[PDB]
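This document contains two forms of one protein chain, each encoded as structure tokens and listed individually as structure 1 and structure 2.
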Structure 1
């Protein structure tokens, strides 16, 4: 019979799990020191950072960087209950075409539910054992005005945490970080590194600016100390981690004999690039496949690879795939015409625009991306890929076109993708079936798309989305006009051969 995941059942779980299960054999509890305090224990932390730490503990005997997880909101009580009932063990389920495999993760050693005791969280962060405070709080948790690049200090949440009456009861990430750092300053300790693991560009620089700005509104002396002695490394993170369903839980018990209140499902691939900026020490991340780099310029190089080849290929699969009648990313990627289209867009048009990175083979990366896209267990819905395209195409596809214009390099397939979005905006696929177009600019986009025919001039006139270099290039206009005409007349599948070889 299946067994509840916990310390006392771990050995029998391993004994009955065959080659389908692996378990931590390092010691836990009092045997480790919690060098990492993680704010926002969710799926991505439990599939990415926590797994690197697990491998450092298991394969290399690192004993002082176990994780104390923190949940900030009442909603997080379910995570507290799941981990507490399992002695903070949980199962990572890796799924691919090869099948599914269970990896019990033991790197989270304890959990602090902030609404139960906010002082405990501050004191934990302030404790000398804490070397790193890591974050997965999503973009909205940064209280970041992207237009002005400033802290939203007028936000009621920030005003509350800034009130000295609340200095012992912060509620935001920055309130907790500041309260912890002020106590470290009092104790003569170094600032802990603040290590943002959210998937956003300049995650470290944004975190630094927000906390510095917060601290400046409290005590400028502490703020200067944070600025000068603190560490806020920028990083690139990549690992697909879908939400767990109730069926994932019952499937785990049925196949692997593990009863887990909240397992985590993920893909085999994982990547972590992080610049070497740490204020209170770090474990040897490089030993478990982490790419530790020099500075933010080095991180930006990896981020450009991912933006143009991963997200750019998602665009190639998404809008053409929706028009063609597909439902899932893995269906589009398995189609032979799309396989050649995407690979040749990657190789002929995107790759020449990319910086070479020591130890990185772009052709290997391209093949890995296609393999990940083909993974049928991800069940990545094309409507989710295509959602809010006005914020995606100008970031993933148009920059490659613009840089191709600067050197008169190849961009026919890139233009095809942009033209496929333009046709997609009308909301009718190649079989005559409507689909929803979801976009913060949906009304304007559908207005312009109707004004223009099979012609892109009206859409390209939106000055907030497209620059003058696009409208003033004759080869681009001629190329996207042609693609948009052929897609409208013959559809995606019939037009793809004109872009292969």
Structure 2
């Protein structure tokens, strides 16, 4: 019978699991110190950072950097319950062409749901044991005005925390960070490093400024200590981590004998480039495959955003329009493989910085492999979700750079056009599909207004810049792609964007 994942059952689970299951054999609980407090325990934290810590704890004698999980959003209460019932153990299900593997992760040692007791969180982040506060809080959690590079202290969530009435009971990430820091300052400790693990460009610089700004509005003698003694390292983070379904959990119990309330599903690939900027110590990340660098991070990040997330966009919107269900189905198609490879090689690669010791061609081969992975079953709707937050960061910046340098960009325009068509919510066989996007109603109105001309969608100033509305080559190119996709669909149009034979 499948066993509930907890400490009591761990050895039975590994005994019954044999070659299919790995368990942590290091000591947990009171035996370790929680040097990392992580805000926003979701899939990617538990597939990426938590796994690196797991490996440090299992193989390298690191016992002062276990993870206290912290959830600030109302949905995080479910993570508290899942982990609590399992002694904060949880299963990482790695899916690859090689099969599936259940790696039980033990690096998460405790969990605080902040709305329960907010003082316990502050006392946690202030305790000398805490050396690093890491974040996976999504773009929206940073309260970041991208265009003015400033804290959205106009946001009522910030004002609530800025209000001295809420000093002891903050709500946002920065309210908890500041509340923890001032105690450390008053006690004479160092600032903990704040280690953003979200996928945005220069995530460390943003976090520095947000917490710096918030601090300047409440006490500049602490903001000054944050700005001088704090650390906010930039990082490139990479590991594809879909959401877990009830079917994933059933398959886990039947195939590996493990009853897990919230296992995590991921690919075997992982990558982490972080700059060596830490204010109160760090474990030796480089012993478990982490690239610790000194500018270098920004180049790795641009490689990832433009070729990985860009190619995801190339697979997602055209894949959905063509009738596919999963990433690997799209990538298996010969036309898509040629289209995606040539887009990477001919259109994105010339825009990227050369990183010493990195071969971009080899990185493209590896992305193709990863996308090809048929076991991970990555649903196209997940890739395509909230496209108005994705196309302008993964695809449009390459189009804009190709405008400024007059570079080739037909395939990039095809992807942009395919999303402009995706907005109407009807695939090439005439079947509706759900469009999920915070801007759906404005996007669908302008798309219906524009027909097959792109100018109505392009008129959305919050999404697209002047360079796009005013480049004649771009206007003609994306017009051709939109007309052709709208008339003939994706599969019949793709041959025209694929050279060679």
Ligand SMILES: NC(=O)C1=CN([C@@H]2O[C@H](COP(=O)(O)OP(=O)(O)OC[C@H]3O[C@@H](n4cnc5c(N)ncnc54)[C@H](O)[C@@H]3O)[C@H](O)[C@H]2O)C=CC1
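Numbering follows the first chain given and starts at 1. Under this definition, the rigid core comprises the largest set of C-alpha atoms superposing within 1.5 Å between the forms.
Annotation: structure 1 represents the form deposited without this ligand, while structure 2 represents the other form. The comparison between the two structures, aligned on the rigid core, picks out a single residue among 236, 133, 342, 108 whose CA moves by 2 Å or more, and that residue is 342. With the core held fixed, residue 29 shows a CA shift below 2 Å between the two structures.
Core-superposed comparison between the two structures: CA of residue 361 displaced by 2 Å or more. Taking the rigid core as fixed, one finds a CA shift for residue 225 smaller than 2 Å between the two structures. Look at residue 304: with the core superposed, its C-alpha moves 2.8 Å between the two structures. Superposed on the core, the two forms differ at residue 418, whose C-alpha moves 7.3 Å between the two structures. The two forms, fitted on their core, place the C-alpha of residue 460 9.9 Å apart, compared between the two structures.
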